[PDB]
Amino acid sequence: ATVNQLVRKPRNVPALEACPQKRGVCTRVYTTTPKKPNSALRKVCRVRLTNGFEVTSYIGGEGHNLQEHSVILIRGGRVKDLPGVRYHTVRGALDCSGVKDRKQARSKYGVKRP
Amino acid sequence: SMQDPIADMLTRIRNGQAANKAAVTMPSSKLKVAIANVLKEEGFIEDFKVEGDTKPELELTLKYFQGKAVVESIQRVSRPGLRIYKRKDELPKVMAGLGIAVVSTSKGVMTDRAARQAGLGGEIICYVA
RNA sequence: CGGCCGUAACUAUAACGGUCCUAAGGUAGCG
RNA sequence: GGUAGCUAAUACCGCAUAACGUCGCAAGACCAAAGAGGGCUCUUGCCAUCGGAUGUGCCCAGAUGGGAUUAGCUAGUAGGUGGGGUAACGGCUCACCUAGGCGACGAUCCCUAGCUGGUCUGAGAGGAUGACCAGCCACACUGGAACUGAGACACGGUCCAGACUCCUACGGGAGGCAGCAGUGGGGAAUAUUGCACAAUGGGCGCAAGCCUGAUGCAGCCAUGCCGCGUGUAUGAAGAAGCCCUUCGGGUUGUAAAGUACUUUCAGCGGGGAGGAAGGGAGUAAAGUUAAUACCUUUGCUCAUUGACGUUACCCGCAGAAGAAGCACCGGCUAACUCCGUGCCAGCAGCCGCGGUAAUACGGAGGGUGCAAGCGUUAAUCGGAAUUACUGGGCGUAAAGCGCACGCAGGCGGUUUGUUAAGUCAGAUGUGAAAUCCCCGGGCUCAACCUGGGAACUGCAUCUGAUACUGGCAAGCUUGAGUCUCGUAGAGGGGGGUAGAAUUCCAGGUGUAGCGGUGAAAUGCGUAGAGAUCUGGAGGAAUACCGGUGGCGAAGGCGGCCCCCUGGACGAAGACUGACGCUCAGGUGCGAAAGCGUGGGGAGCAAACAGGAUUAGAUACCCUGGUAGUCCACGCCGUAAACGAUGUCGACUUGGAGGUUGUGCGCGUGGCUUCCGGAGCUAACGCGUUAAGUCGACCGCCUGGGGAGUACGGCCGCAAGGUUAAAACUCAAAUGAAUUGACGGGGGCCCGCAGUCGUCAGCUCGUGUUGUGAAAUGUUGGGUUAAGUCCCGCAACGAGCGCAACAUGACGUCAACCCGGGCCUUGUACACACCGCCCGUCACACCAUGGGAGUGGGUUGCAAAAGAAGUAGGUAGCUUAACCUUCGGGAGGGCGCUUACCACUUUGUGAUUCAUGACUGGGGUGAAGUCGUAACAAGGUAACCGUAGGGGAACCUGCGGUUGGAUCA
Ligand SMILES: CN(C)[C@@H]1C(O)=C(C(N)=O)C(=O)[C@@]2(O)C(O)=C3C(=O)c4c(O)cccc4[C@@](C)(O)[C@H]3C[C@@H]12
Ligand SMILES: [K+]
Ligand SMILES: [K+]
Ligand SMILES: [K+]
Ligand SMILES: [K+]
Ligand SMILES: [K+]
Ligand SMILES: [K+]
Ligand SMILES: [K+]
Ligand SMILES: [K+]
Ligand SMILES: [K+]
Ligand SMILES: [K+]
Ligand SMILES: [K+]
Ligand SMILES: [K+]
Ligand SMILES: [K+]
Ligand SMILES: [K+]
Ligand SMILES: [K+]
Ligand SMILES: [K+]
Ligand SMILES: [K+]
Ligand SMILES: [K+]
Ligand SMILES: [K+]
Ligand SMILES: [K+]
Ligand SMILES: [Mg+2]
Ligand SMILES: [Mg+2]
Ligand SMILES: [Mg+2]
Ligand SMILES: [Mg+2]
Ligand SMILES: [Mg+2]
Ligand SMILES: [Mg+2]
Ligand SMILES: [Mg+2]
Ligand SMILES: [Mg+2]
Ligand SMILES: [Mg+2]
Ligand SMILES: [Mg+2]
Ligand SMILES: [Mg+2]
Ligand SMILES: [Mg+2]
Ligand SMILES: [Mg+2]
Ligand SMILES: [Mg+2]
Ligand SMILES: [Mg+2]
Ligand SMILES: [Mg+2]
Ligand SMILES: [Mg+2]
Ligand SMILES: [Mg+2]
Ligand SMILES: [Mg+2]
Ligand SMILES: [Mg+2]
Ligand SMILES: [Mg+2]
Ligand SMILES: [Mg+2]
Ligand SMILES: [Mg+2]
Ligand SMILES: [Mg+2]
Ligand SMILES: [Mg+2]
Ligand SMILES: [Mg+2]
Ligand SMILES: [Mg+2]
Ligand SMILES: [Mg+2]
Ligand SMILES: [Mg+2]
Ligand SMILES: [Mg+2]
Ligand SMILES: [Mg+2]
Ligand SMILES: [Mg+2]
Ligand SMILES: [Mg+2]
Ligand SMILES: [Mg+2]
Ligand SMILES: [Mg+2]
Ligand SMILES: [Mg+2]
Ligand SMILES: [Mg+2]
Ligand SMILES: [Mg+2]
Ligand SMILES: [Mg+2]
Ligand SMILES: [Mg+2]
Ligand SMILES: [Mg+2]
Ligand SMILES: [Mg+2]
Ligand SMILES: [Mg+2]
Ligand SMILES: [Mg+2]
Ligand SMILES: [Mg+2]
Ligand SMILES: [Mg+2]
Ligand SMILES: [Mg+2]
Ligand SMILES: [Mg+2]
Ligand SMILES: [Mg+2]
Ligand SMILES: [Mg+2]
Ligand SMILES: [Mg+2]
Ligand SMILES: [Mg+2]
Ligand SMILES: [Mg+2]
Ligand SMILES: [Mg+2]
Ligand SMILES: [Mg+2]
C-alpha cells in the first residue's frame, strides 16, 4: 500500500465476559461421544450462567456428583475432542465435589491433602 | 511520466554498475551535478562531465576495483511521494559510517559527515555504499 | 391431468425401489 | 408556629464628609465607614482608592474514539445596526436589516467513553490502558429552580415536582452513605460499625484552645513486591522400610538414626530510641510610650505534651524445639521407571495419548522446576514482519476494477530571479510535582524513602540559512500537443450487392427403399420417398485467401462495392511552450445468455415429445422440436470479461522470426511472436512487450469455511447486479515441485495370456546438479533370454541379482482377455483406484436469516400542561428607618396577573433491543439411505457467466477459458 493510500485509509470463552470464573446452574447433565479418532463417554453438562448465557461445560476427573439444578463454578478451557465445549467445571468449588481418591495434581481436582 | 530525475540518475548508476558499463549518460541538471560532485569527492565514481548548453548531458565515469562495482548499493531516500528531512542530531549513518548519505542542506549538497560537522540538517537525498 | 406395497444404524417418516395401469398422471404457484 | 410587649450591637438605615473613585467632551454631579481589647498610650478591627499575590470567569489555534450499511445540516440559524443584559467580550437577549453559516480536511446523525501526568508491554516504532498517587473536569436520590455569598446554581443548605421509604392524634410531618465505618443486594471477588488529634495540614479564635472519619495510626486479607526462617556439622549401619533389578546389585541416601552443636524468627521475661516542633508559667534586655506601664520581639529558667504502644531496637531464658508445600517429568520443555487399566476409565496448550508389556490415563518409587508459596482460569502487550510508518504482499498460494474517459486529490522536465510556507540552525519562553533513567544519600540489606541531574523526543515566539520542496515572476524545449505529405489495417456506423450451400414449394424422370446407430428403433416412403433434373421462395452465414497475420481501450471485428467516420504509424521540417502522469467519487463503453415492444425465422437448438442405452438413465446416442439464435429500438452490466500480470515514465547482455513504414547488400522507426543471459522467483517460470533495476498515482489482500451469503442502501420490468457483515465451526485450507502408485493416457516389449517371479530387476560409495524432497549413474541409439553386450553420456566405480562355476536379488502380503517389464505423461491418489470423493435424504446437537405479531429502551416531530423560582406589570390590600404643610407622600411588602420553564398528558413517526406459530439455509457429529458429479481423456475433458430442466449430486443450450489427455 502506498503512503497516500494509508493516509487516506490507515491500517474463545465469550460466556465468561472476561471474568476468571462464572457461577451457573446445570440445566442438563449427560454424556457425549468425542469426534474421531477418540472413543469415550465424556461427561458434560448444559449450564445457565448468572449472566444468562447457556453453555456446555466439561466435568473433569474420575466420577462426579452433578444433577440438574446443581450450582457449579466454570472456568475457561475447551475440550479438544468435543466440538462446541469451551468451558471446564472447577472441581471442589461450590456443589461440585473433589475427585474421589486422587493423589497427584490434587489442586487441579479439588482434593484436600490426605 | 518522469517525476523523479534523481531516482532516475541513481538507477542509471545502479543498472550501469550491474551491466559493467564504463560510463552512463543522462539529461543534466544543477542538482544532478551537485550529487555527482559528492560521489566523485567520496570516490564512488571516477569522474563526471557536462556537455551541451540547450540540452546538457551529464556523463558519469563508473569505477570498478577488483572486478566488483564500487557502488555496491545506491538508494533514493527522500522521494516526491514522501519527502524526508532530518535535524543535525538525527542524520543517518550508512553502513555504520562506511557508506554516505547525501544531504541537501542550506549550505548545499554534501555528505552526512560534512553536514554533521557543519551543524546542519537537511533533506536526505540518497544512501550510497 | 393415478393406484398398490416395501425401504434410512433409536423410533418416526421415506429422498429410494418394485409392481400395475393410463392419452397423459396436476408442473409453477396457492391451499 | 401565631399574637402582643420589651431590649443590644461590629445587625440595619439616613445625614455629613468625598477623590489618583464612578458617570461626563467638559462644566459639574454622585458614592463609604465600627467598634473592641490591655495598661492618654498601645494592639486589633472598620471604610475608600490604587497596586501585589492567589483563585476564578472568558476567547482562539492545534491535538484528543469508532461508524458513510449516517450526506447533507442550520432560522437566533450566520453576520450587521441599535436597545437591554453580564464582573467581563459575545446572538448572551430582543427588535429591525442583510441571506448568510457549517460540511468529503467528514458537517448532521448513531454507538462507545471522564481527560491528562502516566501505567503495562515492546529493541524501537508501536499496541493496550487511565486502578492506586497528583493536575483538570463532571456529578451529589431523580428532574427543575434560584436564594445567600468574594466564591455555589451548593454531597451532610433552601424551594418545587417526581419515584421510593418511614413517623402520625389522619389534620399532617420526615429522609437521601458516590464522607468514614457498617448492613442488605448483585457478583468469581475486594477489609473494622477500631484508636487519636501526638505529627502534618484545614476552619474559627488576640490567644489559650475547640472542631477536623482530612490525616496520622491500628484491625482484616499471602493481593503484590522485598527480606528472613523452617536448623547446622558430622554421620555407612550404606540400618530398616521403599522402589527397581539381567537377583550380582543399583538407587533413595548422609537421607534417617546416632553423635557434636547453634538459637535467628515464634513464645516467655527485663531494658529502650525516634517521630516534640511547640504551647504554658514568671523572670532578662531592648523597641513603642506620659511610663522603669501594657504590648511586641528575642533570650532566660522551671514544670509539661505520643494515638501508634506490651513501638523500633537491645539484653536474658528454654529447647531442634513451634514452622514445606505446589506443579511437572511423550515432543515442544528441565525431569523415567514399575504396577493397575485395556479406544474403557480417563488425559489434552498444540500435535496427539488410551483397543494387554502405556516414560502421555490412575497409583507408587525416583527425578525436574519453583518455593511460603505453587498451580489453574481470566485479561493486555510480546513473540506476530500475522495491518508491515519503521517493516509485507497481489502470474499460479488471499489479492489488478472487464475496459476507458475524467472532476476533486496525489505527484511534477529544465533555467534565472525573488519569496521564505515546508525544511534547517540558534536563542528565548514553556513543557507541574510524582513516575522512568543516572550519580549520590537514608532505613542492618532489600523493597521502600530521598538530594541533585538527565529526560519530558513537544509546543510557541524571535533571529538567521536558502540546497531541496512550495508560492510568485520571467523564460527554455527535451515531456505533451498542433500542422504539412504519405502508408497499412476483419477499427466503427449506414446502405447496396454476389456466389456456394441447407430447407421448403411446384413439376419431370424413376421405383422400393431411405434415414439413422456401436447395434437398433422411433421417423420418412407405393397416398411414389430417397436419388436425379428443371423452375421458384426464403433466411442465415461468408469456403479458398487465412497467417503465433491485421485492426480496436477492452468487449470485439472477416465475401465484394459505395457513403459517413475514429485511431495508429513513418518522413522531413515548422509551430505551441510543461499545456504533463495518475485518478477515490462520477460518467461512458462492455461477450454470451436473458428481458420488453415490433418484425423475421432457412439452418441450428435450451425446454419438450418419442426411440434407444441402463439396475435405473429425469443424461450421454438417435428422430423430431419450441424459446432463442437474426433485424430495429430500449433494458440488463455479468464471464476462466485471462497475459488469471493496473496505468504512465526511465534504465539494464543476446539470438531467431512475423508484420508495417522509411534512408543510403547496408541502416533506421512502429507493432508483434518464439528462445534465452544477468537478475528475479517457493518453485514453476519471467526475462528490454520483465515477474529485472527504479520513480508517480490508483485498485486490491490479510487462515479455510460460514459468504460475495444475511441485513440495510442504491440500481433493474424481471432475472438479478452492486455495496457488504456477524454468530458459529475447524487446525488447517492452499501454492509449486519430488518419489511412488494408479489411468477406460501414449510409446516399446514379454509369458500356453509360500507368494508376486527365475520376473530382470534392486541398490550403494564418491563426484556432480537442486534452497530441498530428490536427481544423475540405472536415461539415450542399437542389441539380448537377461541393467546381456556394445556405443554415446556429469558421471566414475562397486555390490546383490543375470550368466558362469538345481540355483529364487532388494523387497511385498502384521500371508482382444489375465499377469509382468522399460520409457513417457495426467493426477484432487500416499490406507497408494479395493484410492479419493460430491449432493439430496434420514437422525442428534449448536449458532443464525425471514416471519402475522408481542413486550421494553432511546429518540424526531406536532401540540397540551404550568409546581416553584426569577423578571415584567399592577384596579385591590398593607406599611418601622426617608420626606411632609401632619392630612399624607416617596419607596417597600403581600395578593393578583403576564412571560419563561420542570413534572406530566395526547397523537404520530424513526431507531434499537428482546421475543414469536411457522419457515430458510448454515455448522458440527467413526462406520445410515440413494446414487457416482469431480480428481486419469475420471470413462460425455473440466471449469466460468447465463438460461431452462431434473430426487440428489447434476444434465442440456449459447458464448468464453486452458487451469485439457491424446497424435504413435
Ligand atoms: C458497527 N459497524 C458499523 C459494523 C460494520 O463495520 C459493518 C461492515 N460490513 O464493516 C457492518 O456491516 C455493520 O454496519 C452492519 O451493518 C451490521 C449488520 O448489518 C448486522 C446485521 O444486520 C445482523 C447481525 C449482525 C450485523 C453486524 C455485526 O454485521 C453489523 C456490523 C456493522
Ligand atoms: K483414540
Ligand atoms: K443564539
Ligand atoms: K448585535
Ligand atoms: K497513552
Ligand atoms: K444530576
Ligand atoms: K463570604
Ligand atoms: K491535628
Ligand atoms: K510498508
Ligand atoms: K526556493
Ligand atoms: K483528477
Ligand atoms: K424454432
Ligand atoms: K527446482
Ligand atoms: K486504478
Ligand atoms: K473464522
Ligand atoms: K549419489
Ligand atoms: K504410467
Ligand atoms: K430457525
Ligand atoms: K422482530
Ligand atoms: K461431467
Ligand atoms: K452451462
Ligand atoms: Mg455593618
Ligand atoms: Mg454620602
Ligand atoms: Mg465496517
Ligand atoms: Mg447491515
Ligand atoms: Mg450590541
Ligand atoms: Mg462567544
Ligand atoms: Mg460512562
Ligand atoms: Mg516487535
Ligand atoms: Mg480516575
Ligand atoms: Mg484514551
Ligand atoms: Mg449575590
Ligand atoms: Mg454543603
Ligand atoms: Mg450524605
Ligand atoms: Mg462507605
Ligand atoms: Mg451473592
Ligand atoms: Mg464532632
Ligand atoms: Mg527433556
Ligand atoms: Mg502396562
Ligand atoms: Mg493468555
Ligand atoms: Mg506487530
Ligand atoms: Mg504475506
Ligand atoms: Mg485456485
Ligand atoms: Mg488466487
Ligand atoms: Mg485487466
Ligand atoms: Mg486514464
Ligand atoms: Mg520541479
Ligand atoms: Mg520558515
Ligand atoms: Mg516532570
Ligand atoms: Mg523555486
Ligand atoms: Mg478508415
Ligand atoms: Mg443496424
Ligand atoms: Mg444476445
Ligand atoms: Mg427478444
Ligand atoms: Mg435438430
Ligand atoms: Mg437432439
Ligand atoms: Mg467479476
Ligand atoms: Mg475474451
Ligand atoms: Mg486469450
Ligand atoms: Mg481478474
Ligand atoms: Mg494492436
Ligand atoms: Mg524466456
Ligand atoms: Mg448478493
Ligand atoms: Mg443487496
Ligand atoms: Mg530401476
Ligand atoms: Mg549386470
Ligand atoms: Mg550409461
Ligand atoms: Mg544363474
Ligand atoms: Mg528390460
Ligand atoms: Mg428472528
Ligand atoms: Mg406559576
Ligand atoms: Mg464420474
Ligand atoms: Mg466427466
Ligand atoms: Mg478434466
Ligand atoms: Mg455470480
Ligand atoms: Mg434435459
Side-chain angles (χ1 to χ4, degrees), chain A residues 1-11 13-14 16-23 30 32-43 46 49-51 54-56 60-63 73-85 87-88 90 93-94 99 101-108 113, chain B residues 1-21 24 26-31 34 52 54-57 74-76 78-90 103-110 115 118-125:
Chain A
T2 71
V3 54
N4 211 53
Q5 288 175 313
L6 293 180
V7 166
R8 293 160 55 229
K9 178 182 68 170
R11 294 294 192 179
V13 286
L16 288 178
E17 303 191 301
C19 304
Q21 306 85 18
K22 289 301 295 174
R23 170 172 53 103
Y30 60 118
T32 180
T33 58
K35 67 180 187 180
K36 294 179 300 196
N38 286 347
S39 297
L41 294 178
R42 295 231 189 290
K43 283 81 194 169
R46 293 291 294 179
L49 298 179
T50 58
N51 59 40
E54 194 176 58
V55 299
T56 316
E62 48 271 45
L73 207 71
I74 66 158
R75 61 170 178 73
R78 82 153 174 174
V79 187
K80 214 306 194 99
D81 65 6
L82 299 175
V85 178
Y87 309 96
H88 276 62
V90 178
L94 306 181
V99 168
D101 306 296
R102 190 74 187 227
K103 304 297 199 82
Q104 302 174 206
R106 277 186 296 96
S107 78
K108 294 183 175 180
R113 188 171 196 244
Chain B
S1 62
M2 170 53 74
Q3 285 168 51
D4 190 358
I6 303 309
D8 182 57
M9 160 173 65
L10 302 187
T11 298
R12 283 176 191 240
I13 295 164
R14 199 184 310 97
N15 297 354
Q17 291 269 244
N20 300 305
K21 306 306 296 291
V24 294
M26 60 203 81
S28 195
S29 70
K30 50 155 45 159
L31 179 58
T54 306
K55 296 199 292 288
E57 288 286 305
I74 187 163
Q75 291 300 319
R76 190 71 163 121
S78 183
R79 58 185 178 78
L82 175 56
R83 298 288 181 183
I84 301 288
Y85 309 97
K86 295 296 184 192
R87 294 183 291 230
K88 65 171 193 65
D89 59 290
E90 311 193 1
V103 181
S104 180
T105 74
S106 69
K107 304 307 195 179
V109 173
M110 51 181 80
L120 298 170
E123 183 172 354
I124 311 307
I125 297 174

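As a basis for the values below, the full set of heavy atoms in this structure was taken, side chains included, without hydrogen atoms, waters or symmetry mates. In what follows, chains are A, B, ... by sequence order, proteins preceding strands, each numbered from 1.
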Between the base of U693(D) and the side chain of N15(B), is there a donor-acceptor distance below 3.5 Å? yes

Who passes side-chain contact (heavy atoms from CB on, under 4.5 Å) against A105(A), sequence neighbours left out? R102(A), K108(A), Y109(A)

Salt bridge (charged side-chain N to carboxylate O under 4.0 Å, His left out) partners of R78(A), counting only residues at least two apart: none

Quick note, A105(A) side chain, CB onward, closest among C353(D), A731(D), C328(D) is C328(D)

Can you figure out which of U414(D), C730(D), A378(D) approaches the side chain of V13(A) most closely? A378(D)

Please determine, for the side chain of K107(B), which listed nucleotide (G363(D), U415(D), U466(D)) has the closest atom? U466(D)

List the residues meeting side-chain hydrogen bond (donor to acceptor under 3.5 Å, both in side chains) with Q5(A), not counting sequence neighbours, and say none if there are none. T2(A)

Polar atom pairs (N or O), protein with nucleotides 373-375 of chain D, under 3.5 Å:
none

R75(A): partners by salt bridge (charged side-chain N to carboxylate O under 4.0 Å, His left out), with sequence neighbours left out: none

List for me each residue that meets side-chain hydrogen bond (donor to acceptor under 3.5 Å, both in side chains) alongside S104(B), sequence neighbours excluded, and say none if there are none. none

So for the helix from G853(D)-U915(D) to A864(D)-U904(D), with five pairs setting each end axis, what is the inter-axis angle to 10°? 30°

Strictly by salt bridge (charged side-chain N to carboxylate O under 4.0 Å, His left out), give each pair with a member in residues 4-21 of chain B just once, sequence neighbours left out. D4(B)-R76(B), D8(B)-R12(B)

Starting at CG of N20(B) and ending at P of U693(D), how long is that distance when rounded to a whole Å? 17 Å

Report the residues that fulfil salt bridge (charged side-chain N to carboxylate O under 4.0 Å, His left out) with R46(A), sequence neighbours left out, ordered by chain and then residue number. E54(A)

Below 3.5 Å between N/O atoms, which protein atoms pair up with nucleotides 422-429 of chain D? Just atom names and distances, please.
{"from": "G422(D)", "atom 1": "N2", "to": "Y85(B)", "atom 2": "OH", "distance (Å)": "3.1"}
{"from": "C424(D)", "atom 1": "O3'", "to": "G121(B)", "atom 2": "N", "distance (Å)": "3.4"}
{"from": "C424(D)", "atom 1": "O2'", "to": "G121(B)", "atom 2": "N", "distance (Å)": "3.2"}
{"from": "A425(D)", "atom 1": "OP1", "to": "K88(B)", "atom 2": "N", "distance (Å)": "2.7"}

Using a cutoff of under 3.5 Å, can you pull out all pairs of nitrogen or oxygen atoms linking the protein to nucleotides 694-703 of chain D, with atom names and distances?
{"from": "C694(D)", "atom 1": "OP1", "to": "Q75(B)", "atom 2": "NE2", "distance (Å)": "2.9"}
{"from": "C694(D)", "atom 1": "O5'", "to": "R14(B)", "atom 2": "NH1", "distance (Å)": "3.2"}
{"from": "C694(D)", "atom 1": "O2'", "to": "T11(B)", "atom 2": "OG1", "distance (Å)": "3.0"}
{"from": "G695(D)", "atom 1": "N2", "to": "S1(B)", "atom 2": "O", "distance (Å)": "3.0"}
{"from": "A696(D)", "atom 1": "OP1", "to": "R79(B)", "atom 2": "NH1", "distance (Å)": "2.8"}
{"from": "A696(D)", "atom 1": "OP1", "to": "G81(B)", "atom 2": "N", "distance (Å)": "2.9"}
{"from": "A696(D)", "atom 1": "OP2", "to": "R79(B)", "atom 2": "NH1", "distance (Å)": "3.2"}
{"from": "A696(D)", "atom 1": "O4'", "to": "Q3(B)", "atom 2": "OE1", "distance (Å)": "3.3"}
{"from": "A696(D)", "atom 1": "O2'", "to": "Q3(B)", "atom 2": "OE1", "distance (Å)": "2.6"}
{"from": "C698(D)", "atom 1": "OP1", "to": "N4(A)", "atom 2": "ND2", "distance (Å)": "2.8"}
{"from": "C698(D)", "atom 1": "OP1", "to": "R8(A)", "atom 2": "NH1", "distance (Å)": "3.2"}
{"from": "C698(D)", "atom 1": "OP2", "to": "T2(A)", "atom 2": "OG1", "distance (Å)": "3.0"}
{"from": "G699(D)", "atom 1": "OP1", "to": "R8(A)", "atom 2": "NH2", "distance (Å)": "2.8"}
{"from": "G699(D)", "atom 1": "OP2", "to": "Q5(A)", "atom 2": "NE2", "distance (Å)": "2.9"}
{"from": "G699(D)", "atom 1": "OP2", "to": "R8(A)", "atom 2": "NH1", "distance (Å)": "3.1"}
{"from": "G699(D)", "atom 1": "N7", "to": "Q5(A)", "atom 2": "NE2", "distance (Å)": "2.9"}
{"from": "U702(D)", "atom 1": "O4", "to": "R11(A)", "atom 2": "NH1", "distance (Å)": "3.3"}

Holding to salt bridge (charged side-chain N to carboxylate O under 4.0 Å, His left out), I want the full list of residues that pass it with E17(A), two or more places apart in sequence or in another chain. none

